[PDB]
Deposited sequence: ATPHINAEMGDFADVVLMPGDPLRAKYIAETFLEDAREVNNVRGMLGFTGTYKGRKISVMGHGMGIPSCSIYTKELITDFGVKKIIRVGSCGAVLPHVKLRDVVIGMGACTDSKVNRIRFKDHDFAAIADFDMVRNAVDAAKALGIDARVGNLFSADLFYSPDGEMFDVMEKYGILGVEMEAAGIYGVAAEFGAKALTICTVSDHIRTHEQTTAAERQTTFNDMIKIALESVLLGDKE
């Protein structure tokens, strides 16, 4: 139905989970979803639709960077009727107190991208997530025994930045984690009138064992899934 998504209206649920890695999308569907069916494959950007505790939910990769996720997110909302978007991924930590395996919830998202400036007449647009979604995620985490940190994330355009000094600035301002999509997703949601949220796991420290990482990653997914159920009520 779209140049980037070879699917039809109704193929996706009203809620969609989005990891950056398409392979991760498949992983999620196979692990947590029941009766998951492949719903998209153009450009290898795998998309699936299944059920979670009797609840219809979709999962689809978003690619790396603001421009990539911006395409997918907009299309989903606009052409597939998606109402809520939850980005599940990884991030780099700058804060000394922020440890590996920590779960971070992006209430807001700083960025070095020019996308929001283009949309906001060159002014300062505060890219924020949906309040309810944030609280639902916090509660869900709490129920699982996880203590998620809520704050600002930094969506970078350059993974390999020439400005190392920027990290000091981020630290000074309390940035929780460093990723590359949050701000873009928040911008699209506000622009198209949808609800978004971004959850990440500290994959590394800008300043563990395999089995350990994976456990936390799964925990993050569960938090996301559970938060959706909470929101339904």
Which residue ranges of the deposited sequence are not present in the modelled coordinates?
208-211, 238
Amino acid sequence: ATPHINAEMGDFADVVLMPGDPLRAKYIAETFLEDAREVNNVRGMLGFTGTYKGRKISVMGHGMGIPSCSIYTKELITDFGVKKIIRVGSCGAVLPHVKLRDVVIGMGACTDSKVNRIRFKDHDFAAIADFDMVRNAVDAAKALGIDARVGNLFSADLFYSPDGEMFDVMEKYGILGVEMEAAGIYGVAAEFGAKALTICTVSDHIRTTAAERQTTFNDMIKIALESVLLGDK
From here on, numbers count along this sequence of modelled residues.
Do the CA atoms of 25-33 or those of 185-193 have the higher mean B-factor in the entry?
25-33
Quick check: 137-145 versus 80-88, which has the larger average CA B-factor in the record?
137-145
Sort the modelled residues of this chain by their C-alpha B factor and say whether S70 lands in the lowest, middle or highest third.
lowest
When the modelled residues of the chain are sorted by Cα temperature factor, does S58 land in the lowest, middle or highest third?
middle
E38 - Cα temperature factor, lowest/middle/highest third of chain
highest
Assigned third (lowest, middle, highest) for the C-alpha B factor of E179
lowest
Please rank the C-alpha B-factors of the chain's modelled residues and tell me whether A211 sits in the lowest, middle or highest third.
highest
